[PDB]
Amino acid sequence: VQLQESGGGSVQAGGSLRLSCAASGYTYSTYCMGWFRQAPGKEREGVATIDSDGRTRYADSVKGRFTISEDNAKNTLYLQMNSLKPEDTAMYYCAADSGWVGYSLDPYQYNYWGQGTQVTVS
C-alpha cells in the first residue's frame, strides 16, 4: 500500500488550496481515511476524516472551511481548503487504515501514511 500527496503550496490569507492523495495498494472494502497536519516542532494533529460510508468528521479549528471527499473511481482522497489563515501553515499528511468505519482524529490509529506536502499561509 502507498499513498501519494500532491497539491500543496503557498497562498495568502483567505486563499484556497486543494490537496489530493492517490492510493496504490489499497483495495479495502471498509475503511477510514484522514488528513493530518504537523506544524514545526509540534505534534501531528487530525483535521478531517471520511469513512467508506461517506461519514465525515472535522476538527473544530477547520469546520466550515475545509471539505474532505473521496473519489472511489480514482482511488484518490481530497482536502478542499478554503479560508486559509496563517494558523493553517504546516506539513499536511494523508493517512488511511482498514477494517472500521466512523472517525478518529488520532494519527496513531492509522497504519498507512503519505509523504506529506507543505502548506504555507502568509
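One rule holds for the numbers: they count along the sequence shown, beginning at 1.
- Judged by mean Cα B factor in the deposited record, 75 to 83 ranks above the other of 93 to 101 and 75 to 83.
- In this entry, 16 to 24 has the higher mean Cα B-factor, the comparison being between 16 to 24 and 104 to 112.
- Per-chain ranking of the deposited C-alpha B factor places residue 63 in the middle third.
- The entry lists a Cα temperature factor for residue 51 that places it in the lowest third of the chain's modelled residues.
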